[PDB]
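Undergrad: Experimental coordinates follow, after the sequence.
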Amino acid sequence: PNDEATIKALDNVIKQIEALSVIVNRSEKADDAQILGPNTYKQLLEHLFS
Amino acid sequence: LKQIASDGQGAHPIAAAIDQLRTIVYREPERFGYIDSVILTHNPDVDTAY
C-alpha cells in the first residue's frame, strides 16, 4: 500500500466533516402584522328644515 | 474492495496513534490552548492554593 494516499483521504474526509459542522441556521424574518395609520370619519350630506 | 479490506487487510498505523493521542488531549487542556468553561461573576473569590 502507498501510505501517502491514506493520509490524503483522511485529511479530505476530516476537512469535509469540519466544513459540514460549521453551517449555522439563523433566520431573521419580519412579522405579518401591518402598521396602522390615523384616519378621520367623514360627514355625509344632510338637510335640516323646521 | 470492501470484502478485500475486511479480510485481514491492516489499517494505517496513524489510526491507533490518533486514538492514543486523543486521550492525551483530554487530560491536559491548556497544553493545546482550550478551556472547558468560563465563569462570569461580580464578586470573585480567589483560590488560596495558587
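TA: Nice, thanks for sending it over. Residues are numbered from 1 along each chain as shown, chains lettered A, B, ... in the order given.
Undergrad: Chain A: helices as residue ranges?
TA: A:3-20 (DSSP state H).
Undergrad: Look at the residue of it found nearest chain B and say how many residues are nearby.
TA: In chain A, the residue that lies nearest chain B is residue A:6 (4.5 Å; CB to the nearest CB). Just so you know, the C-beta spots here come from the backbone N, C-alpha and C atoms, and that holds for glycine as well. Number of residues near residue A:6 (other CB atoms under 10 Å in any protein chain shown) recorded here: 15.
Undergrad: give the contact list for it.
TA: B:12, B:14 (CB atoms under 8 Å, 6 or more residues apart in numbering or on different chains).
Undergrad: From residue B:28, how far off is it?
TA: Distance of residue A:6 to residue B:28, computed by CB to CB, to the nearest Å: 28 Å.
Undergrad: Which of the helices or strands spans residue B:5?
TA: Using DSSP states H and E, residue B:5 sits in helix B:2-6.
Undergrad: continuing past that helix, what's the next helix or strand?
TA: Counting by DSSP H and E, the next helix or strand C-terminal to helix B:2-6 is helix B:14-27.
Undergrad: could you say what helices and strands that following helix packs with?
TA: helix A:3-20 (3 or more CB pairs under 8 Å, 6 or more residues apart in numbering or on different chains; DSSP states H and E).
Undergrad: Before I go, just wanted to say thanks for your time.
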